[PDB]
Each structure stands twice: as structure tokens, then as C-alpha cells.
Amino acid sequence: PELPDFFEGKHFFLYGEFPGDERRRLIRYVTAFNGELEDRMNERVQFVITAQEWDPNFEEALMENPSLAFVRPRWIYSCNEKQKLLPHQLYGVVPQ
Amino acid sequence: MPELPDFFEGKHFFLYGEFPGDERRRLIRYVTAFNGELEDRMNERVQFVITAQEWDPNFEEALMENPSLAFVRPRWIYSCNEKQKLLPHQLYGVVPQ
Amino acid sequence: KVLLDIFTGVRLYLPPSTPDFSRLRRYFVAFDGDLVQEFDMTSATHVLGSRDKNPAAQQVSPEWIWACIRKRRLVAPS
Amino acid sequence: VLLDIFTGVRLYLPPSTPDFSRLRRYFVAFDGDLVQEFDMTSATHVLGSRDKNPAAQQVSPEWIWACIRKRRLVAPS
Ligand SMILES: [Mg+2]
């Protein structure tokens with residue numbers, strides 16, 4: 001009984017709204033693989049997970065935390081599907 | 001003793017693929033002027049890959065060795081010069097189709 | 001699959017002060033359990049130990065979580 | 001607000017040149033082009049190292065700063 005921990009040392013924030021039970025599913029995978037979930041967009045957040053289009057709020061968030069990465073849920077689903085840390089850059093979110 | 005802004009200091013760039021007209025020369029100028037570091041090849045030191053081309057499979061191979069790489073549009077560098085400050089590269093990112 | 005579905009349907013309140021809280025939470029959540037906030041604690045199906053104001057819930061313990069995980073299914077409460 | 005001073009200058013700058021990095025930075029910032037050691041013959045100017053290409057204009061770090069001060073090219077020196 002020893003779970004994989006390739007999300008270890010990474011802090012996530014689930015931003016905006018998620019369809020169906022996706023939020024619960026995201027929380028499950030991040031937690032299982034030893035990632036850290038933050039309640040709010042604070043100084044520790046490294047990855048912002050969003051299913052919504054680029055947001056003006058993102059550019060404000062960047063002001064306080066310039067190293068943030070914005071990623072699709074697909075990234076996390078795919079990490080579980082492959083059971084390893086895949087590169088988030090493959091699943092990034094950028095302005096139109 | 002003229003003094004140029006330093007907003008690119010400590011960052012290593014690689015200009016990937018082909019660039020239209022004199023853009024390559026322009027990018028080289030801004031990166032250099034504002035104290036960025038240009039690399040000749042995509043080596044262990046590269047932090048920002050600048051490309052005007054669509055996402056590339058080569059990007060995924062590079063990520064294997066250099067997992068912290070960021071892929072960015074030239075517009076990021078032009079904008080930094082236009083605003084005379086380090087803008088967030090995330091606003092100008094390059095991702096797969 | 002790696003993420004066994006063991007605690008499907010279990011809505012558990014886990015006291016923050018519970019020994020080994022973090023690992024308990026991780027495996028319970030990983031294996032398909034749902035945590036309940038203190039605020040909505042009265043809606044839990046299971047409660048850990050010194051419960052209060054939730055009599056109809058099933059009483060469980062940390063040992064019960066590990067027992068369920070070992071057997072890869074829900075076992076008799078304890 | 002970047003001055004075009006070294007427009008048309010193709011310079012070979014020896015890596016061992018004192019204050020190499022600063023020299024490179026301002027020369028390039030102000031519209032000069034550096035040449036790789038292999039493309040030596042394509043250089044219009046060469047700093048220090050005279051032997052490498054006699055046919056090219058011989059310059060020095062002082063000449064780079066002199067040009068910048070005058071905001072135009074001065075005589076090679
Ligand atoms: Mg941390």
C-alpha cells in the first residue's frame with residue numbers, strides 16, 4: 001500500500017468552475033500522488049488548474065506570483081492515465 | 001558610460017526555427033541589450049525557447065532533458081522593449097494545437 | 001488500476017487533530033472516499049471517534065481505514 | 001530608444017578581450033553585428049588580433065566607446 005508521489009512538492013489551485021464531478025476527480029489525483037492543494041491563490045501556488053478560457057484575473061495573479069503556470073485538467077488526468085509526471089507545458093493555457 | 005535596462009538578466013534564451021525578415025536580428029538585439037543570455041544550441045542552460053512557428057515535437061524531446069523550459073512568442077520580447085520592463089512570459093506562451 | 005475504488009460512498013469527517021492525519025486523508029481520498037467539512041459535519045455517513053451531534057453515522061477509526069485498504073474493500077466497522 | 005550606431009559593422013570580438021561581455025552588449029545593443037570565428041573573412045572590423053585578417057579594419061575597445069560617445073562611427077583606432 002504505497003501510492004506514487006510524482007506530484008510531491010508541487011502546490012495546485014483549482015480555479016473557476018468544473019463540469020460534473022471533475023473537481024472531485026482533480027482533488028483525488030492531486031491528493032493521491034502527494035500534491036498539495038491550496039484553498040486560495042496564495043504565494044505557494046505553482047500550478048493553476050482551469051477549464052475556463054484565459055482570465056484577466058490571471059494577469060493580476062501573475063503580479064503577486066510571477067512563476068505561476070496555468071494548466072488544463074487534462075494534464076492531471078493524463079498523469080494518472082500514464083502513472084507519471086508529464087510536462088505541464090503540453091497542457092498549458094495562454095491568452096487568445 | 002551609457003546605461004541599458006537589465007530586465008533580462010539571469011535568463012537564458014534560445015531562438016528556435018526560422019524568423020521572418022530581420023526579426024532574428026531584432027530579437028538578438030533586445031535580448032542582448034537588456035542583459036539576457038543567448039545560447040547557440042538548446043543546452044542545459046536554456047530557460048526560454050523563442051519561436052514563431054507552431055508547437056514542435058522537438059519541444060517534447062527537449063522537455064525530457066530540460067523539464068523547466070518555457071516556450072514563448074517573439075511578441076513577448078518586443079513587448080518587454082515596448083514597455084521597458086520584464087513582462088510575464090505566460091501571456092505569450094506557446095502550446096500544442 | 002492504481003487508484004482502487006474502496007471508499008466509494010463513504011462521506012467521512014476527519015478531525016484535523018487525528019494522528020497521522022495527512023497520510024490518512026491522502027489514502028482515503030486516493031481510494032475514492034469523500035471528506036466532509038466541519039461546517040457540514042452533520043451530513044457525514046462515517047465519523048471518527050469522539051463524535052458528537054451525529055449519532056446515526058457509523059463510528060470508525062484510523063485502523064478501519066487501513067483495514068479497508070488492506071482488504072481492498074469495506075470491512076466491518078471498528 | 002536604442003541608438004543605431006554600429007549599423008553595417010561586422011565585428012569579430014576575441015572572447016578574451018577585456019570587458020568582453022560589456023563590449024558585446026553595447027555594440028550589439030547599438031546595432032552592430034558580431035561575426036563567428038569561422039566567418040572571420042566576413043568581418044569588416046576586427047578588435048585586437050591583427051594577424052587574423054590584415055585586410056580588415058583594426059579597432060580597439062576604446063574605439064567602441066568613442067563611437068558611442070560621438071553617436072556615430074569615428075576613425076578606426
Ligand atoms: Mg512546498
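Note: relative contact order over region A:29-96, using C-alpha pairs below 8 Å and six or more positions apart, is 33 percent. Partners of C:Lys1 within straight-line reach, counting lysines whose Cα lies under 20 Å from its Cα and excluding those fewer than 8 residues away in the same chain: A:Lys82, A:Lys84, C:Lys71. With axes computed from alpha carbons, what is the tilt in degrees of helix B:23-33 against the longest principal axis of chain B, rounded to the nearest 10 within 0 to 90? So the inclination is approximately 60 degrees.
Both radii are taken from the alpha-carbon atoms of chain C; with Rh as the Kirkwood radius, Rg/Rh is 0.93.
Quarter the surface of the alpha carbon convex hull of chain B and you get the mean projected area, 6.6 square nanometres. Between A:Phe7 and A:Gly35, the built amide H atoms are under 5 Å apart, and every one of these is 5 or more places off in sequence or on another chain.
A compact globular protein would have a Cα radius of gyration near 2.2 N^0.38 Å; the ratio found for the protein assembly as shown is 1.42. What distance in nm separates the two pseudo spin-label positions at C:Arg73 and D:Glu62, each 7 Å out from Cα along the beta-carbon direction? Here the modelled spin labels are 9.2 nm apart.
Averaged over the residues of C:23-33, the number of partner chain Cβ atoms lying within 10 Å of the residue Cβ comes to 4.
Go through region C:1-50 and name the trypsin sites (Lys or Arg not before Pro) that are in a DSSP coil and have 10 or fewer other Cβ atoms within 10 Å of their Cβ.
Values: sites: C:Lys1, C:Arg11, C:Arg23, C:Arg25, C:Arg26; in loops: C:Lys1.
Hits after loop and neighbour filter: C:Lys1.
A simple spin-label model places pseudo-atoms 7 Å from Cα toward Cβ; at A:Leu3 and A:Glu36 they are separated by 1.6 nm.
What is the fewest-to-most order of C:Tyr13, B:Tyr78 by other Cβ atoms lying within 10 Å of their Cβ? Walk me through the numbers on the way to the answer.
Working: C:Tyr13 21, B:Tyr78 15.
Taking fewest neighbouring Cβ atoms as first place, the list is B:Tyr78, C:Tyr13.
Against the main long axis of the alpha-carbon atoms of chain B, helix B:74-83 sits at an angle near 20°. Relative to the longest principal axis of the Cα atoms of chain D, the long axis of helix D:61-70 lies at roughly 30 degrees. Think of each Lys and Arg Cβ as +1 and each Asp and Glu Cβ as -1; about the Cα centre, that makes the dipole of chain D roughly 280 debye.
Read-outs: derived from the displayed coordinates by stated rules, not from any lab. Backbone-built Cβ (ideal geometry, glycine too); neighbour counts: all protein chains shown.
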